[PDB]
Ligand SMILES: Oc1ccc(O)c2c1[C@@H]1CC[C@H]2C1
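Presented as structure tokens, the chain that follows is alone, the form deposited without the named molecule.
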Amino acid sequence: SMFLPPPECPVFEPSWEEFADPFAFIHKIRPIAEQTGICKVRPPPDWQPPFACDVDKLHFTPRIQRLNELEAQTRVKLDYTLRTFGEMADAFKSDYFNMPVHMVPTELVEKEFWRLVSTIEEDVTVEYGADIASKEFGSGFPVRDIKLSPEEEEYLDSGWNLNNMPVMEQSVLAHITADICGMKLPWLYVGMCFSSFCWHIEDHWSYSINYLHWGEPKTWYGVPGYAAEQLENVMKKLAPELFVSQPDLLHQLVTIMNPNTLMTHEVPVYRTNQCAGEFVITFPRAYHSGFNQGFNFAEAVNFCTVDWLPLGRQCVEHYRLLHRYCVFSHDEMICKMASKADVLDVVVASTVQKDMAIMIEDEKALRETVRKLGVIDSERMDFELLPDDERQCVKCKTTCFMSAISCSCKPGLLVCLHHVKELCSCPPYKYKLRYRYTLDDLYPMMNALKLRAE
């Protein structure tokens, strides 16, 4: 009645052997965890990264948040000290409940969150921190710089030190030479009671991993990737305003929604309370939302395994259908990796080769179609040199890389090969196919991957 907690998500307690390599571990739990969307990981008892900071010297700009179910909020776009925020946060919780903050049961905060967001007359606003590491507020994990203690040095190269997750070998966002800071760097999150993250999935359907360094728990709700479309259909019926087209990526709309509402509409939802020292991992296209139980500090990062590559391709297709902007070009990433085939991990090479084959066959068919539309002239074009906003399809906003159509009538404008008719009124013989590679360039690149994969 009123609020029924979703079933608990899977919780894993890996041995040190099982834990050592995060990518091997994630691959192992995937058949289980991808059915629930989120899972929790408790590191071995001895894995204990040192956490030290001067709460008076760390400062950040707070964001402010109203807490109303189904109200549109904008996705976080890229002054308190940690001490003064903590004082505010503790006093808020203490005053809200007239209790000391740790004697407030997590069950009660959860119950009260879902009451207050649903109740029109309640007008609770809270503040929180969200940004990438900076000189003003750095990573909670050890980074190289400051003479480090031996304990700190021990965690510098940990696979679970989230600063490393991008630049590692089984990672794929690693190789992106395009600098997508907002997506590949860890985000730092200072939370307070009820501060909340709305239902969302990660850009390009990536994984994410979140570590709670310190503080009171973080309550999560997650939905498996197989039910993403189900969830969106529920959202569109109850909150249509979230689905209107938007000028760019810095304008995405998201919302708070009771998981019981999703469960009523047959969407599977799981929950967990993430405590200090625990990881939460979200899987590709797994919707998630949640809120903080009190003053805390978390760090999170996106990543992409080899398992994810086919889903990445599907995601960009989905973005095209929605006319949504891309964070990066998937094809550019694939070709960058092929161009480095000799130094790729061999399983990575094998998986990239398979995606590349699909890319090449799709590209071959698209080029045949636009030739039949009367586009005859062509010229090589180094798309990777163009700023992203100078190589988006006028129609579907996809980031071009393999090819595009241009016309001297509309200088600087491009369409992708799905939208040749959307560029201008000139007849197609006035158009040029701009292409990064010939088919004859591409097959050798794919062959290099095959040789590396052996």
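Each residue number is its position in the shown sequence, starting from 1.
There is another form of the same protein, the form deposited with the named molecule bound; it is not shown, and what comes next is about it.
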- Message: Residue-level question: is residue 160 within 4.5 Å of the named molecule in the deposited complex, judged on heavy atoms?
- Response: no
- residue 263 within 4.5 Å of the named molecule in the deposited complex, heavy atoms: yes
- Task: Determine whether any heavy atom of residue 352 comes within 4.5 Å of a heavy atom of the named molecule in the deposited complex, and answer yes or no.
- Result: no
- Item | the named molecule contact in the deposited complex: residue 89, any heavy atom under 4.5 Å | no
- As a check of understanding, the residue in 165, 267, 109, 242 with any heavy atom within 4.5 Å of the named molecule in the deposited complex should be identified as 267
- Thinking of the named molecule in the deposited complex, which stretch from 115-123, 232-240, 94-102, 269-277 has heavy atoms inside 4.5 Å of it? 269-277
